[PDB]
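*Asks:* Just so you know, the authors' numbering puts the end of the sequence shown at 2276, numbered straight through with nothing missing. Ideal placement from N, C-alpha and C gives every residue a C-beta, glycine not left out.
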Amino acid sequence: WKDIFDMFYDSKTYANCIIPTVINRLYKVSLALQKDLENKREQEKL
């Protein structure tokens, strides 16, 4: 798979191209899901 990437979808620019892609998810589906849920957790008791 690394060769799959690096053949021509390579240089990490393609990765850095895709890096934007689902950076939404980290808060679109992950950090909105959690730190809003952990702003509960972390402040749930203490």
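(1) State the DSSP-derived secondary structure class of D2240, mapped to helix, strand or coil.
(2) Distance check for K2270 and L2256, CA to CA, integer angstroms please.
(3) Kindly indicate which three-state DSSP category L2263 falls into: helix, strand or coil?
(4) When you compare only the Cα positions, how much space is there between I2234 and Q2273?
(5) Please state whether DSSP places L2276 in a helix, a strand or coil.
*Replies:* Taking the structure as given:
(1) coil
(2) Roughly 18 Å between the two C-alpha positions.
(3) In the three-state reduction of the DSSP assignment, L2263 falls in the helix class.
(4) 45 Å
(5) coil
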